[PDB]
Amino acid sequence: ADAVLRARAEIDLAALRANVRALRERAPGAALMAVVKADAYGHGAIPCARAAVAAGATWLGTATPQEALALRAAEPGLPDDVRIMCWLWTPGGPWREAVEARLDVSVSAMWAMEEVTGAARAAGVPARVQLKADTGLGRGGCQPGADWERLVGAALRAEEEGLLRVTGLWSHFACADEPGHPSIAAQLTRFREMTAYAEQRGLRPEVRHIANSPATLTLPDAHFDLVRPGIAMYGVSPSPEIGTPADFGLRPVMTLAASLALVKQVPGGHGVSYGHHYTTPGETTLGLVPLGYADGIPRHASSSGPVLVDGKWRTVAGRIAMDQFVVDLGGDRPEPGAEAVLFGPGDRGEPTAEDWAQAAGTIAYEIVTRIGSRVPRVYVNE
């Protein structure tokens, strides 16, 4: 692909492996799940899954069943013994294909309990089921009290019939990226209660797990049998409040770069881009970076996004357009085709994804995950 000449997202799989390594050291009591949903947070699902497994991940996590099934179908195959879990299900989804593919499937509700049991019955092989507990996030889990009682009950019956085995009990935190937030302790308490209850009724899960990246990095009591450090595996800190990648032995995996399309002199008083929200203060040079919001450069970073060009940080001049944006180069005259580095690990003087997050009023998770399909991915150290 000559598509890389315009722009590319370089994915350093050696950095990803080092991150997995570092996260395994940080959670020595637990298995590590490589969360590779959303096309591995924009980094490429299958290449990142292989690298994570090579570095010691024994679980893969996806949102949709289609994502998990694509991992099972990869050629050459990932090891047959890697566990693959998926959790974002709707009525009528491919439960039977998931059971036949030996996926761990999350169940938060009776409807899904019924459908997976029906699918196991029709497939003639038992399902592996994880029960999700809503411990305080108020999102995908089963509520405590009657809902949980009923769900645990139906799971035991299906076990009795040989239709499934409950392989895990899990939940997810709301505010683990704010250390000391009182909801963290409240959720852990509730997690302990709800899991104690399920085990006393007779469930025998292989894994209990609640930890995402910020809990993995800051709460050893929340590690249990399995940690799910998604954003950290891609070398990106969950928040500045938690710390920098370097604080945890982490290195950003993605570098986003483009080649300048145009370098041109313009007079003072010349408007730049839509709405003319920037006006040259005097005679100067403008550089055209051929990436825009269709490529995942957030429109919210208009006037603020940083980019390394020709030895200095520049910032976006005025509005980001669909396919491009402009920087004021202050008189410098790099060649057309010169490298513009939007973000990376930061060790060459370039910005990081967290700098973009700040410029766009969002979090670094969104920045890396929404880099568009029009930007080719280049895998290094595969």
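For every residue, the number given is its place in the sequence shown, counted from 1.
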| query | finding |
| --- | --- |
| Comparing 283-291 with 119-127, the one whose average Cα B-factor in the PDB entry is higher | 119-127 |
| 296-304 versus 67-75 - which carries the larger mean C-alpha B factor in the record | 67-75 |
| Of the residues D355, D39, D323, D332, the one carrying the largest Cα B-factor as recorded | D332 |
| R251, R83, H223, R96, ranked by C-alpha B-factor: the highest one | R96 |
| Cα B factor band for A1 (lowest, middle or highest third within the chain) | highest |
| Chain-relative CA temperature factor third for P245 | middle |
| Third of the chain's Cα B-factor distribution that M233 belongs to, per the entry | lowest |
| Chain third (lowest, middle, highest) by recorded CA B-factor, residue given as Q200 | highest |
| CA B-factor placement of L188, once the chain's modelled residues are sorted into thirds | highest |
